[PDB]
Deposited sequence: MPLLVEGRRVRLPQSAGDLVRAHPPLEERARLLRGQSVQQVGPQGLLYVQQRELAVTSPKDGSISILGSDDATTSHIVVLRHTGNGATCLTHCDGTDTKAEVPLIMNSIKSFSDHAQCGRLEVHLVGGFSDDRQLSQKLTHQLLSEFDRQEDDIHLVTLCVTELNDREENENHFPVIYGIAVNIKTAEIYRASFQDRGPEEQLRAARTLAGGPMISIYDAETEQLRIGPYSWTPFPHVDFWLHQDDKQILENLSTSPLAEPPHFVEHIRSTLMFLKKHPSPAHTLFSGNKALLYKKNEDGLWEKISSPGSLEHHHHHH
């Protein structure tokens, strides 16, 4: 079940009321929102994209920071077993929450080294016109509470709790967060370098791929592939529309995106056009694209 201050959460319930009713949740929300955004460098960084998962331990020598960005209607979930330090950061978008939370629990339940507890963190979203962040918080709190293990909700800065307004238009306060693995500390962050194969991994989610695990903590490798997808319908039609009609249909929040999000869409749609089926074209021998952390903390191809 999902616990707050040692007591169980009664569901359904909005996160705003859940935070107001419990001081330590409000304490974390006031602090997290007041943080000036940090520019996290590429050293020791493991960037998680939308609909991706990454789990590791402080015993890792390569990775020391997990993080994700561009969370408008998504929720960046952080699960961590305190004591041993097994940390999992995923970028949940709500395509299939019923099957994604078991992926998060299993990523942590394999690390067994008893001591500590399970702490979960929920950040992102705003009050959008489509009630997407509200439905995603509902699903995430219900799937965690349906679990057997006791999970303690520590952070909950989502939707109404993460919303700001300019010119009578709403958009989120926190677009991304980084979590430092050695010290279990979460903070607002931006990411200039977003790891290798950005267009390949983004096109996988835009084509309709499911949530995947992108890091193997045993070998400390980044494993991108192999991916296969149906050719995206009407790639040339969307590659010729204006910026306004691109955000309205390819984005879950047309007016709440960070700048140059259309460039991200056009670049990603361009990738799907050149590679209609990347099954046996980008992955020779059907082996994944393997990466390891450099001496200088960068992702270098093996």
| item | value |
| --- | --- |
| Missing CA stretches, deposited numbering from 1, N-terminus first | 1, 115-116, 306-318 |
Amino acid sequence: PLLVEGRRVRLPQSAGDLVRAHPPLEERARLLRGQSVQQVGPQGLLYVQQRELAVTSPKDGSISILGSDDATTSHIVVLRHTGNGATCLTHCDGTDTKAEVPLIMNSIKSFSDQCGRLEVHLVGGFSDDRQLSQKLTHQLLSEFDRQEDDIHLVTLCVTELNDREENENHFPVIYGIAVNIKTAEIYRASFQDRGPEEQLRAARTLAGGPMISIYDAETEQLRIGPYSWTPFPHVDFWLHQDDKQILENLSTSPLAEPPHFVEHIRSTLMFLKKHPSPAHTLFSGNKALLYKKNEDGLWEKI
From here on, numbers count along this sequence of modelled residues.
query	finding
Mean C-alpha temperature factor, higher of 229-237 and 65-73	229-237
Comparing 216-224 with 84-92, the one whose average Cα B-factor in the PDB entry is higher	216-224
Top Cα B factor in the deposited entry, candidates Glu185, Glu100, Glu165, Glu119	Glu165
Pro258 - which third its CA temperature factor falls in, relative to the rest of the chain	highest
Chain thirds of CA B-factor: placement of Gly208	highest
CA B-factor placement of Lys59, once the chain's modelled residues are sorted into thirds	middle
Chain-wide C-alpha B factor ranking for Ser127, given as lowest, middle or highest third	middle
Position of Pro42 among the chain's modelled residues by C-alpha B-factor, lowest, middle or highest third	middle
